[PDB]
Amino acid sequence: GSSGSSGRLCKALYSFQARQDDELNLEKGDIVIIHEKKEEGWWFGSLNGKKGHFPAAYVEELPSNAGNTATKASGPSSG
């Protein structure tokens with residue numbers, strides 16, 4: 001599609017409650033951007049704009065994102 005293929009994606013099967021800021025909170029059916037997974041189960045990525053350490057067993061790697069998330073705004077010569 002678009003020049004990329006750098007970060008992987010995944011869906012949170014079970015909602016995770018990040019005890020502290022160290023970990024990352026996940027919600028049932030949440031797409032997280034896989035940044036780095038150089039750990040056993042402990043994955044690293046951003047959910048909704050916030051990065052952190054979340055479990056793998058909770059999320060599941062996906063081949064492609066879900067449907068198509070986009071919006072249409074207007075401004076000073078937006079496009």
# chains A, B, ... in the order shown; residues from 1 in each chain; ligands from 1

call {"tool": "residues_around", "arguments": {"residues": "residue 52 in chain A", "least_positions_apart": "3", "cutoff": "10 Å", "atoms": "only C-alpha atoms", "output": "PyMOL selection string"}}
result
chain A and resi 18+20-25+35+42-47

call {"tool": "select_by_dssp", "arguments": {"residues": "range 2-66 of chain A", "states": "strand (DSSP E or B)", "output": "list in words"}}
result
residues 8, 9, 10, 11, 12, 16, 23, 26, 31, 32, 33, 34, 35, 36, 43, 44, 45, 46, 51, 52, 53, 54, 59, 60, 61 and 62 of chain A

call {"tool": "residues_around", "arguments": {"residues": "residue 28 in chain A", "least_positions_apart": "6", "cutoff": "7 Å", "atoms": "only C-alpha atoms", "output": "MDAnalysis selection string"}}
result
chainID A and resid 12:15

call {"tool": "atom_distance", "arguments": {"atom1": "CA of residue 53 in chain A", "atom2": "CA of residue 3 in chain A"}}
result
26.7 Å

call {"tool": "closest_residue", "arguments": {"among": "A:65, A:41, A:26, A:50", "to": "residue 1 in chain A", "atoms": "only C-alpha atoms"}}
result
A:65

call {"tool": "closest_residue", "arguments": {"among": "A:70, A:75, A:51, A:37", "to": "residue 8 in chain A", "atoms": "only C-alpha atoms"}}
result
A:37

call {"tool": "atom_distance", "arguments": {"atom1": "CA of residue 40 in chain A", "atom2": "CA of residue 67 in chain A"}}
result
29.7 Å

call {"tool": "atom_distance", "arguments": {"atom1": "CA of residue 19 in chain A", "atom2": "CA of residue 66 in chain A"}}
result
27.8 Å

call {"tool": "decode", "arguments": {"residues": "chain A", "atoms": "C-alpha atoms", "output": "CSV table (one decimal), in the first residue's frame"}}
result
chain,number,residue,atom,x,y,z
A,1,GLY,CA,0.0,0.0,0.0
A,2,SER,CA,2.0,3.0,1.3
A,3,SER,CA,5.7,3.1,1.9
A,4,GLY,CA,6.1,1.4,5.3
A,5,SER,CA,6.1,-2.2,6.5
A,6,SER,CA,8.2,-1.2,9.5
A,7,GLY,CA,5.9,-1.8,12.5
A,8,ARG,CA,3.6,-4.8,13.0
A,9,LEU,CA,0.0,-4.7,14.3
A,10,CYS,CA,-2.1,-6.8,16.7
A,11,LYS,CA,-5.5,-6.9,18.4
A,12,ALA,CA,-6.0,-7.1,22.2
A,13,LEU,CA,-8.1,-10.2,22.8
A,14,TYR,CA,-8.3,-9.5,26.6
A,15,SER,CA,-8.4,-6.2,28.3
A,16,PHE,CA,-5.2,-5.6,30.3
A,17,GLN,CA,-4.9,-3.3,33.3
A,18,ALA,CA,-1.5,-1.7,33.4
A,19,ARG,CA,-0.8,-1.6,37.2
A,20,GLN,CA,1.7,1.3,36.6
A,21,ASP,CA,2.8,3.6,33.8
A,22,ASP,CA,5.5,1.0,33.0
A,23,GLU,CA,3.0,-1.3,31.4
A,24,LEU,CA,0.4,-0.5,28.8
A,25,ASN,CA,-3.3,-0.8,29.3
A,26,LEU,CA,-5.3,-2.7,26.6
A,27,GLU,CA,-9.0,-2.9,25.8
A,28,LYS,CA,-10.9,-5.8,24.3
A,29,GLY,CA,-10.6,-5.2,20.5
A,30,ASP,CA,-7.9,-2.6,20.6
A,31,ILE,CA,-5.3,-2.3,17.8
A,32,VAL,CA,-1.8,-1.7,19.1
A,33,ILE,CA,1.2,-0.7,17.1
A,34,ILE,CA,4.0,-3.3,17.6
A,35,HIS,CA,7.2,-1.3,18.0
A,36,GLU,CA,9.5,-3.9,19.5
A,37,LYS,CA,9.2,-7.4,20.8
A,38,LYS,CA,12.7,-8.2,22.1
A,39,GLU,CA,11.2,-9.8,25.1
A,40,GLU,CA,9.5,-13.1,26.2
A,41,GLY,CA,5.8,-12.2,25.9
A,42,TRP,CA,6.5,-8.6,27.0
A,43,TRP,CA,5.7,-6.6,23.8
A,44,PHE,CA,6.3,-2.9,23.3
A,45,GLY,CA,4.0,-0.6,21.3
A,46,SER,CA,1.5,2.2,21.3
A,47,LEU,CA,-2.3,1.6,21.6
A,48,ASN,CA,-4.1,4.9,21.2
A,49,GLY,CA,-1.1,7.2,21.2
A,50,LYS,CA,0.5,5.9,24.4
A,51,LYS,CA,3.5,3.5,24.3
A,52,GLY,CA,4.3,0.9,27.0
A,53,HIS,CA,5.0,-2.7,27.9
A,54,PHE,CA,2.1,-5.0,27.3
A,55,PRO,CA,1.7,-8.8,27.4
A,56,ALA,CA,1.6,-10.9,24.2
A,57,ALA,CA,-0.8,-13.7,25.2
A,58,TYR,CA,-3.3,-10.8,25.5
A,59,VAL,CA,-2.8,-9.5,22.0
A,60,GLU,CA,-2.6,-11.3,18.7
A,61,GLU,CA,-0.5,-10.4,15.7
A,62,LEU,CA,-2.5,-9.5,12.6
A,63,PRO,CA,-1.6,-9.5,8.9
A,64,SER,CA,-3.3,-6.2,8.3
A,65,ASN,CA,-5.2,-3.5,10.2
A,66,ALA,CA,-9.0,-3.5,10.6
A,67,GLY,CA,-11.2,-2.2,7.8
A,68,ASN,CA,-10.1,1.4,7.1
A,69,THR,CA,-9.8,4.1,9.8
A,70,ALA,CA,-9.8,7.6,8.4
A,71,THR,CA,-11.5,11.0,8.7
A,72,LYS,CA,-12.3,14.1,6.6
A,73,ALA,CA,-11.5,17.5,8.1
A,74,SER,CA,-11.2,21.0,6.6
A,75,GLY,CA,-8.8,23.9,7.1
A,76,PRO,CA,-6.4,26.4,5.5
A,77,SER,CA,-5.6,24.6,2.3
A,78,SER,CA,-5.9,21.2,4.0
A,79,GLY,CA,-5.8,19.4,0.6
